[PDB]
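Visitor: This structure is in structure tokens; I'll ask about it shortly.
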Amino acid sequence: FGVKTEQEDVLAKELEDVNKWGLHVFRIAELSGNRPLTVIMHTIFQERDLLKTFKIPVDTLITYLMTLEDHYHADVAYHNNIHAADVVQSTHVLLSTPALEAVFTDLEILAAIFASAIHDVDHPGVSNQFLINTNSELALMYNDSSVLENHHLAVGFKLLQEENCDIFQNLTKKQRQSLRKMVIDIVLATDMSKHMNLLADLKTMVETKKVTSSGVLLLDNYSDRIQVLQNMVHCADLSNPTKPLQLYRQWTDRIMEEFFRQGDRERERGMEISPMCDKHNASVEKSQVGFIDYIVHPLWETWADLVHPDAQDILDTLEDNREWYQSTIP
Ligand SMILES: COc1ccc(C2=NN(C3CCCCCC3)C(=O)[C@@H]3CC=CC[C@H]23)cc1OCCCCOc1ccc(-c2nnn[nH]2)cc1
Ligand SMILES: [Mg+2]
Ligand SMILES: [Zn+2]
């Protein structure tokens, strides 16, 4: 009757960590009644003044966010609303890095955050290759190419048409076209098949790195600006091993549950079991060390060079977690 319920106060206090790497996102999920994506996005939109800047009516924002969060599958262990919330919040923290201060426009910040929010919406908990090999309707619809990622975009955008869901109703047509293009380029870059090219381009940009007189990154063309945003969200999507170990281990349990469920589905059907999806023949710990050595560390080390020295503690945490998982390999 005016003020917060007690559950709502404890939640508000956890949300004070929203600018920190290592937010207890799972606790936020519990406290919000399984609404971590909605509350975290709302907080971030308020913090960054995005409702004012883009004339987003607050009721429309909340309705859209709830709708978006409802199209993440609660029965999927990893690719659910908690992961969406986590990637949003990690993106938010990366955007605040000192080396990028005043680099990106409000519309770019909106794009990166919105892209993070929608980037795995309606994920079924199985890979692109699974969808392709089973002749799924989605694989048919997108001609086997970035199936899931194309679907995430389509749903993310289509949901804007539900009742009182058009959060971009007051943007001009030029703004909307620009936002749309940037969001598409960002979500399509979350397909791991694109990882090596994104990283090559990120390395190239570190080799030819230019800074302004104030010390901040210089990005004077769309291609470089979008590459940085793409890599930023991609870092957030690959950020689990860089988090405090109590978080990382929950993500690791979750991804493995999801992969093993896919492997069970493959074995039931007589399909070849996909790499690391065989619960009877799997080394969780050795896989994490592989994930870190060949994917996560090379990306984050390159990111860390780009924004040197802002990401040093993130890279230190990653290296510590790697030694931890190495030490548990029997
Ligand atoms: C917290 O744990 C995770 C979280 C997420 C993932 C993901 N995984 N992947 C893929 C597919 C698995 C194979 C490796 C590539 C990553 C996704 O597509 C997901 C969708 C989008 C973003 C990343 C997600 C994987 C996570 O680790 C669990 C599995 C790690 C295995 O990784 C290795 C990678 C390379 C090597 C290797 N050895 N020699 N040369 N290369 C060995 C192992
Ligand atoms: Mg994805
Ligand atoms: Zn993701």
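Each chain of the structure tokens is named A, B, ... in the order shown, its residues numbered from 1; ligands are numbered from 1 in display order.
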Write down as a ChimeraX atom specification the residues belonging to segment 43-244 of chain A that are assigned alpha helix (DSSP H) by DSSP computed on the backbone.
Guide: /A:43-47,50-54,58-70,81-95,106-118,128-133,137-141,147-158,173-188,195-207,222-237
Visitor: Pull the closest atom pair for each residue of chain A that gets at most 12 Å from ligand 2, along with the distance in Å to one decimal, counting only C-alpha atoms and all ligand atoms, ordering rows by chain and then ascending residue number, as CSV.
Guide:
```
residue,atom,partner,partner_atom_place_in_ligand_line,distance
A:72,CA,ligand 2,1 (Mg),11.9
A:78,CA,ligand 2,1 (Mg),10.5
A:79,CA,ligand 2,1 (Mg),7.6
A:80,CA,ligand 2,1 (Mg),10.4
A:83,CA,ligand 2,1 (Mg),10.0
A:84,CA,ligand 2,1 (Mg),9.6
A:87,CA,ligand 2,1 (Mg),10.6
A:115,CA,ligand 2,1 (Mg),11.1
A:116,CA,ligand 2,1 (Mg),9.9
A:117,CA,ligand 2,1 (Mg),11.1
A:118,CA,ligand 2,1 (Mg),9.6
A:119,CA,ligand 2,1 (Mg),6.1
A:120,CA,ligand 2,1 (Mg),4.8
A:121,CA,ligand 2,1 (Mg),8.5
A:122,CA,ligand 2,1 (Mg),10.1
A:123,CA,ligand 2,1 (Mg),7.7
A:124,CA,ligand 2,1 (Mg),10.6
A:125,CA,ligand 2,1 (Mg),9.9
A:126,CA,ligand 2,1 (Mg),10.3
A:127,CA,ligand 2,1 (Mg),9.0
A:128,CA,ligand 2,1 (Mg),9.6
A:146,CA,ligand 2,1 (Mg),9.5
A:147,CA,ligand 2,1 (Mg),10.0
A:148,CA,ligand 2,1 (Mg),6.9
A:149,CA,ligand 2,1 (Mg),6.1
A:150,CA,ligand 2,1 (Mg),9.9
A:151,CA,ligand 2,1 (Mg),10.0
A:152,CA,ligand 2,1 (Mg),8.0
A:153,CA,ligand 2,1 (Mg),10.5
A:186,CA,ligand 2,1 (Mg),11.1
A:187,CA,ligand 2,1 (Mg),7.9
A:188,CA,ligand 2,1 (Mg),8.8
A:189,CA,ligand 2,1 (Mg),9.2
A:190,CA,ligand 2,1 (Mg),5.7
A:191,CA,ligand 2,1 (Mg),6.1
A:192,CA,ligand 2,1 (Mg),8.1
A:193,CA,ligand 2,1 (Mg),10.9
A:194,CA,ligand 2,1 (Mg),11.6
A:233,CA,ligand 2,1 (Mg),10.8
A:234,CA,ligand 2,1 (Mg),9.5
A:236,CA,ligand 2,1 (Mg),11.3
A:237,CA,ligand 2,1 (Mg),7.9
A:238,CA,ligand 2,1 (Mg),10.3
```
Visitor: All residues within 7 Å of ligand 1 are required, counting only C-alpha atoms and all ligand atoms; please report them as a PyMOL selection string.
Guide: chain A and resi 190-192+237-238+240-241+248+251-252+255-256+275-276+287-288+290-291+294-295
Visitor: Export N, CA, C and O atoms of the chosen residues as an mmCIF file, in the first residue's frame?
Guide:
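Output below, filename selection_37.cif:
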```
data_model
loop_
_atom_site.group_PDB
_atom_site.id
_atom_site.type_symbol
_atom_site.label_atom_id
_atom_site.label_comp_id
_atom_site.auth_asym_id
_atom_site.auth_seq_id
_atom_site.Cartn_x
_atom_site.Cartn_y
_atom_site.Cartn_z
ATOM 1 N N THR A 190 26.191 -14.292 -32.243
ATOM 2 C CA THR A 190 26.239 -15.219 -31.110
ATOM 3 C C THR A 190 26.296 -16.701 -31.504
ATOM 4 O O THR A 190 26.393 -17.566 -30.647
ATOM 5 N N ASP A 191 26.159 -16.981 -32.785
ATOM 6 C CA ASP A 191 26.296 -18.307 -33.318
ATOM 7 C C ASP A 191 27.773 -18.667 -33.214
ATOM 8 O O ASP A 191 28.619 -18.007 -33.796
ATOM 9 N N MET A 192 28.088 -19.714 -32.467
ATOM 10 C CA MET A 192 29.491 -20.141 -32.283
ATOM 11 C C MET A 192 30.222 -20.465 -33.585
ATOM 12 O O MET A 192 31.451 -20.380 -33.634
ATOM 13 N N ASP A 237 28.063 -13.620 -23.512
ATOM 14 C CA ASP A 237 27.518 -14.961 -23.749
ATOM 15 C C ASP A 237 28.542 -16.055 -23.297
ATOM 16 O O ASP A 237 28.152 -17.114 -22.802
ATOM 17 N N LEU A 238 29.833 -15.765 -23.444
ATOM 18 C CA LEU A 238 30.904 -16.652 -22.991
ATOM 19 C C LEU A 238 31.562 -16.250 -21.655
ATOM 20 O O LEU A 238 32.771 -16.406 -21.446
ATOM 21 N N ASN A 240 30.574 -17.078 -18.442
ATOM 22 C CA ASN A 240 30.425 -17.937 -17.265
ATOM 23 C C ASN A 240 31.739 -18.280 -16.548
ATOM 24 O O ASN A 240 31.798 -18.183 -15.340
ATOM 25 N N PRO A 241 32.786 -18.652 -17.300
ATOM 26 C CA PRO A 241 33.992 -19.058 -16.600
ATOM 27 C C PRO A 241 34.766 -17.904 -16.017
ATOM 28 O O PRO A 241 35.763 -18.155 -15.325
ATOM 29 N N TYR A 248 29.876 -19.835 -11.723
ATOM 30 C CA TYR A 248 30.391 -20.622 -12.820
ATOM 31 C C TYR A 248 29.969 -22.074 -12.690
ATOM 32 O O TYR A 248 29.553 -22.720 -13.671
ATOM 33 N N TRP A 251 26.420 -22.617 -13.702
ATOM 34 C CA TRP A 251 26.288 -22.561 -15.156
ATOM 35 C C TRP A 251 26.781 -23.850 -15.796
ATOM 36 O O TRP A 251 26.163 -24.374 -16.714
ATOM 37 N N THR A 252 27.910 -24.346 -15.302
ATOM 38 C CA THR A 252 28.484 -25.603 -15.767
ATOM 39 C C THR A 252 27.523 -26.767 -15.516
ATOM 40 O O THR A 252 27.259 -27.533 -16.423
ATOM 41 N N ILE A 255 24.658 -26.199 -18.187
ATOM 42 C CA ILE A 255 24.946 -26.462 -19.587
ATOM 43 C C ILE A 255 25.093 -27.975 -19.811
ATOM 44 O O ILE A 255 24.687 -28.499 -20.857
ATOM 45 N N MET A 256 25.694 -28.664 -18.847
ATOM 46 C CA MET A 256 25.915 -30.111 -18.978
ATOM 47 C C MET A 256 24.625 -30.847 -18.901
ATOM 48 O O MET A 256 24.432 -31.816 -19.658
ATOM 49 N N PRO A 275 29.311 -34.175 -29.764
ATOM 50 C CA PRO A 275 30.442 -33.976 -28.839
ATOM 51 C C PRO A 275 29.996 -33.475 -27.433
ATOM 52 O O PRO A 275 29.226 -32.518 -27.351
ATOM 53 N N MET A 276 30.424 -34.189 -26.377
ATOM 54 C CA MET A 276 30.165 -33.863 -24.949
ATOM 55 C C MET A 276 28.737 -33.986 -24.438
ATOM 56 O O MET A 276 28.408 -33.484 -23.357
ATOM 57 N N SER A 287 36.456 -31.056 -20.205
ATOM 58 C CA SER A 287 35.737 -30.188 -21.153
ATOM 59 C C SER A 287 35.782 -28.687 -20.786
ATOM 60 O O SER A 287 35.982 -27.835 -21.672
ATOM 61 N N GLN A 288 35.606 -28.359 -19.498
ATOM 62 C CA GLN A 288 35.689 -26.971 -19.101
ATOM 63 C C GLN A 288 37.056 -26.448 -19.374
ATOM 64 O O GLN A 288 37.190 -25.259 -19.758
ATOM 65 N N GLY A 290 39.184 -27.471 -21.610
ATOM 66 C CA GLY A 290 39.200 -27.264 -23.051
ATOM 67 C C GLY A 290 38.448 -26.024 -23.534
ATOM 68 O O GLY A 290 38.929 -25.290 -24.384
ATOM 69 N N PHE A 291 37.262 -25.794 -22.970
ATOM 70 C CA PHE A 291 36.449 -24.646 -23.306
ATOM 71 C C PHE A 291 37.223 -23.382 -23.006
ATOM 72 O O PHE A 291 37.316 -22.469 -23.846
ATOM 73 N N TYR A 294 40.727 -23.161 -25.370
ATOM 74 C CA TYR A 294 40.569 -22.989 -26.824
ATOM 75 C C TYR A 294 39.526 -21.931 -27.249
ATOM 76 O O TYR A 294 39.606 -21.467 -28.366
ATOM 77 N N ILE A 295 38.572 -21.554 -26.376
ATOM 78 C CA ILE A 295 37.501 -20.607 -26.751
ATOM 79 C C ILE A 295 37.486 -19.369 -25.875
ATOM 80 O O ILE A 295 37.701 -18.252 -26.361
#
```
Visitor: Which is closer to residue 325 of chain A than all the others in A:4, A:308, A:20, A:249, using only C-alpha atoms?
Guide: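 Answer, going by the shortest atom-to-atom distance: A:249.
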Visitor: In terms of the shortest atom-to-atom distance over only C-alpha atoms and all ligand atoms, which of A:86, A:270, A:47, A:12 is closest to ligand 3?
Guide: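 Between A:86, A:270, A:47, A:12, the residue approaching ligand 3 most closely is A:86.
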Visitor: Find, counting only C-alpha atoms and all ligand atoms, the residue in A:219, A:82, A:58, A:296 that gets nearest to ligand 3.
Guide: A:82
Visitor: Please indicate the distance in Å from atom CA of residue 221 of chain A to atom CA of residue 48 of chain A, rounded to one decimal place.
Guide: 24.3 Å
Visitor: Skip segment 214-217 of chain A itself and residues of its chain fewer than 5 positions away, then list as a VMD selection string all residues within 10 Å of it, counting only C-alpha atoms.
Guide: chain A and resid 98 to 103 209 306 to 307
Visitor: Store the residues picked out above, limited to N, CA, C and O atoms, as a PDB file, in the first residue's frame.
Guide:
```pdb
ATOM      1  N   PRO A  98      35.854   1.578 -18.508  1.00  0.00           N
ATOM      2  CA  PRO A  98      36.442   2.917 -18.697  1.00  0.00           C
ATOM      3  C   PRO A  98      36.969   3.179 -20.093  1.00  0.00           C
ATOM      4  O   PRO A  98      36.837   4.270 -20.593  1.00  0.00           O
ATOM      5  N   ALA A  99      37.580   2.195 -20.715  1.00  0.00           N
ATOM      6  CA  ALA A  99      38.104   2.346 -22.056  1.00  0.00           C
ATOM      7  C   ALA A  99      37.058   2.647 -23.151  1.00  0.00           C
ATOM      8  O   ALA A  99      37.401   3.073 -24.243  1.00  0.00           O
ATOM      9  N   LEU A 100      35.784   2.389 -22.860  1.00  0.00           N
ATOM     10  CA  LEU A 100      34.696   2.709 -23.778  1.00  0.00           C
ATOM     11  C   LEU A 100      33.846   3.899 -23.344  1.00  0.00           C
ATOM     12  O   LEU A 100      32.767   4.116 -23.942  1.00  0.00           O
ATOM     13  N   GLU A 101      34.299   4.663 -22.340  1.00  0.00           N
ATOM     14  CA  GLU A 101      33.500   5.768 -21.830  1.00  0.00           C
ATOM     15  C   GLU A 101      33.224   6.807 -22.921  1.00  0.00           C
ATOM     16  O   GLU A 101      34.150   7.213 -23.678  1.00  0.00           O
ATOM     17  N   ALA A 102      31.935   7.135 -23.087  1.00  0.00           N
ATOM     18  CA  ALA A 102      31.492   8.079 -24.115  1.00  0.00           C
ATOM     19  C   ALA A 102      31.734   7.686 -25.574  1.00  0.00           C
ATOM     20  O   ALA A 102      31.521   8.485 -26.493  1.00  0.00           O
ATOM     21  N   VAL A 103      32.074   6.426 -25.828  1.00  0.00           N
ATOM     22  CA  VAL A 103      32.289   5.963 -27.185  1.00  0.00           C
ATOM     23  C   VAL A 103      30.966   5.736 -27.899  1.00  0.00           C
ATOM     24  O   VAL A 103      30.869   6.027 -29.078  1.00  0.00           O
ATOM     25  N   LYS A 209      44.920  -0.763 -33.004  1.00  0.00           N
ATOM     26  CA  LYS A 209      44.157  -0.011 -31.982  1.00  0.00           C
ATOM     27  C   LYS A 209      44.547   1.454 -31.977  1.00  0.00           C
ATOM     28  O   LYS A 209      45.735   1.764 -31.970  1.00  0.00           O
ATOM     29  N   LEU A 306      42.161  -5.131 -25.771  1.00  0.00           N
ATOM     30  CA  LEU A 306      41.414  -3.997 -26.306  1.00  0.00           C
ATOM     31  C   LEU A 306      41.114  -2.936 -25.272  1.00  0.00           C
ATOM     32  O   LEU A 306      41.187  -1.748 -25.568  1.00  0.00           O
ATOM     33  N   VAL A 307      40.735  -3.347 -24.081  1.00  0.00           N
ATOM     34  CA  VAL A 307      40.295  -2.407 -23.034  1.00  0.00           C
ATOM     35  C   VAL A 307      41.304  -2.303 -21.881  1.00  0.00           C
ATOM     36  O   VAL A 307      40.932  -1.912 -20.771  1.00  0.00           O
TER      37      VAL A 307
END
```
